[PDB]
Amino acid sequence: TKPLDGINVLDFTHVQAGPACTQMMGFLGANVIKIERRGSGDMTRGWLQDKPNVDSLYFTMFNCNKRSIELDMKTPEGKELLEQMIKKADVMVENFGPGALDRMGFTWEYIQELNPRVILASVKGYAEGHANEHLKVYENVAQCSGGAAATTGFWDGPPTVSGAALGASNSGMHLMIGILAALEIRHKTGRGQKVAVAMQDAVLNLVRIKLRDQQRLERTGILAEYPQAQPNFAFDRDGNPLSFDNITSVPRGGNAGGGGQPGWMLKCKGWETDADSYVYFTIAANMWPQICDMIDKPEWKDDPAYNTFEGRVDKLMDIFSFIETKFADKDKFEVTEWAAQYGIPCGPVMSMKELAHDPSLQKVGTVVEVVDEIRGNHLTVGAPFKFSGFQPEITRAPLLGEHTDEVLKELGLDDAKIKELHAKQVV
């Protein structure tokens, strides 16, 4: 049935990276118990609420398929409870600041004593052993540390952050790989391991293609697929020409192709008024004759100035600019359909509004309406992996401390000691 049926997750996480991981584990069937601060809970509860007093969509979209217990881990009775919970857990996940869990008395060595089967899984900004090992980091700092910011945006503008959570959710998904790898180890050794993912490293893994470019640049002095390789195309903000004669670190290439075949972001009808009225259009090496037919340039088919990648290096941006011309009177969906007739990789810039109400994504279970009778229903992203013999069942995020008493009862505490913990402000 579900991949992680019977896996108990002691979930210390807050914000995005850690909760994304444990939420997805929960979607795949894990029993996730989320430990939260007494009173305020996970910071995302009160972060950019759409309705006052109601848990924000930040919290609900990252904390479905979880139960919530409030715990003051600074008290000694809270530490005792944690020890009992660790003994029943298959994996513990934390994304507190560097050394925080250690300071509570729960180092890797002490956790192994408590449960030689448990997997400790951790997200940090930087890897253990790194000069910046002790720094706290959020999303965009990690994007900067891992190379994405330096290689995203335009040559005449600043390092640019991605809207996608390259630092946070991406780190959580990488940690999920780590946890699952560690569970596979455990089938063989009967033992738990520590796994850790640094945000910088999760970003750098996605920026692998730019480390390719850096070496190419060091070795050859040019990146022929970049706009800057076209003579007199690219200029900095003072109007100085940009060529690879003077570039020693991988530059921003605007909307160039990356690890795909060469492409660009082309305007469609209504771009002046509609921010998302664009398509991405690829000029792949095997598709020149098809492109020539589409744009009625038969004379370009057999001209060596146009029909190889190498011949196009000096003029690719002019070609894109001319192709764009054919899209002036067509919206992004019409251009997408037109390009599809030729087999040309090409698709629209989908707006978040379009994505939220797209029938396909709802049909395939990627955009999902969560039933929440307390807060009102909301949309979330479901499982991005589709399985032949299993469907996720997404349930609403917990209220703060909703399952405190439920969870304490499962640990074997009697009614009297639960009352006692409420009074002592442990729970």
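Numbering starts at 1 and follows the sequence shown.
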Given 117-125 and 139-147, the range whose Cα B-factors average higher in the PDB entry: 117-125
177-185 versus 345-353 - greater average Cα B-factor per the deposited record: 177-185
Candidate set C268, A234, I209, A89 [ranked by C-alpha B-factor, highest]: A89
Options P98, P251, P227, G257 - largest CA temperature factor per the record: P98
Entry-reported Cα temperature factor of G41, expressed as the chain third it lands in: highest
Lowest, middle or highest third - CA B-factor, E218: lowest
Within-chain third of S360 by Cα B-factor, per the entry: middle
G389, C-alpha B-factor rank within chain (lowest, middle or highest third): highest
CA B-factor ranking of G239, expressed as a third of its chain: middle
